[PDB]
Amino acid sequence: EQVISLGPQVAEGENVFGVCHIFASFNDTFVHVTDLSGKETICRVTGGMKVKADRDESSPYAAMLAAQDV
RNA sequence: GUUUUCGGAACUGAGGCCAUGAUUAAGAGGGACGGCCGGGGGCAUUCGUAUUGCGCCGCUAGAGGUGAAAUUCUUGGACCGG
Ligand SMILES: [Mg+2]
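This deposited entry lists cryo-EM as its structure determination method and 2.82 Å as its resolution.

Right under this line is the structure:
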């Protein structure tokens, strides 16, 4: 703060809410995050976009690295 | 001449009497009816998410699959979310 124009006009006490569609199946992990509606997504990261081993895509190691980028 | 009811055999109508004549109701069966009961059967009827595909929309570089990988789908926006 300021950003500036990105993000809505907010106060100190209150906060803006989003939704994280965490599709953590086997063989991969998705930490998709969107607006409160669900359709205007903000940041989409998956486990495979970080690990290059093609087998750890659902491993816990890939899982939190993707989430922190979100 | 025979009369032969005569001997017996023939059919038919009105009677009495017979305690007048039907064992039982199977921890057999069949039925009947009463209140139910049951993912029993058939015909229609309605609902549910899911899957697949589609049309938009935002979004981005991988997605899928495997013990690992690959065939495969991917800037024609794949996968994801509405
Ligand atoms: Mg693949």
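**Re the protein's contact with RNA strand B**
Every one of the 17 residues lining RNA strand B counts as a neighbour, but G38, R44, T46, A53 and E57 are closest to it. For RNA strand B, the backbone makes up 69% of the atoms found within 4 Å of the protein, where backbone means sugar plus phosphate.

**Quick word on the packing of aromatic side chains**
In the structure shown here, the tally under the stated rule is 1 aromatic pair. The interplanar angle of 45° and the centroid separation of 5.4 Å between the aromatic rings of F23 and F30 together place this pair among those described as tilted. Look at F30 and you get partly exposed, because its relative accessible area is 27%.

**So, the sheet that holds strand β3 (residues 41–43)**
Sheets are built from strands that pair by backbone hydrogen bonding, the pairs being arranged parallel or antiparallel. The strand order across the open sheet built from 3 strands is β1-β2-β3, with neighbouring strands paired in antiparallel fashion. Two strands bound the open sheet, and with one partner strand each, they are β1 (19–23) and β3. Going from strand to strand, the sheet's axes swing by 35° on average, the running direction of each strand aside. As paired strands, β1 and strand β2 (residues 30–34) are joined by 5 bridges and run antiparallel to one another. Residue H21 lies in a different strand from β2, and its bridge partner there is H32.

Cut-off values and rules
Residues numbered from 1 in each chain as written, not as in the entry; some residues may be left out. Chains lettered and ligands numbered in written order. Part of a larger assembly, values for the part shown. Heavy atoms only, no water. Near = heavy atom within 4 Å. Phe/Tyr/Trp six-rings, centres within 6.5 Å; stacked < 30°, edge-to-face > 60°. Buried < 20%, exposed > 50% of the residue type's maximum accessible area, 1.4 Å probe, protein only. Pairing = 2+ DSSP bridges. Helix = DSSP H or I, 4+ residues; strand = E, 2+ residues; numbered from the N terminus. Axes fitted to C-alpha atoms, helices over the stretch in contact; angles between N-to-C directions.

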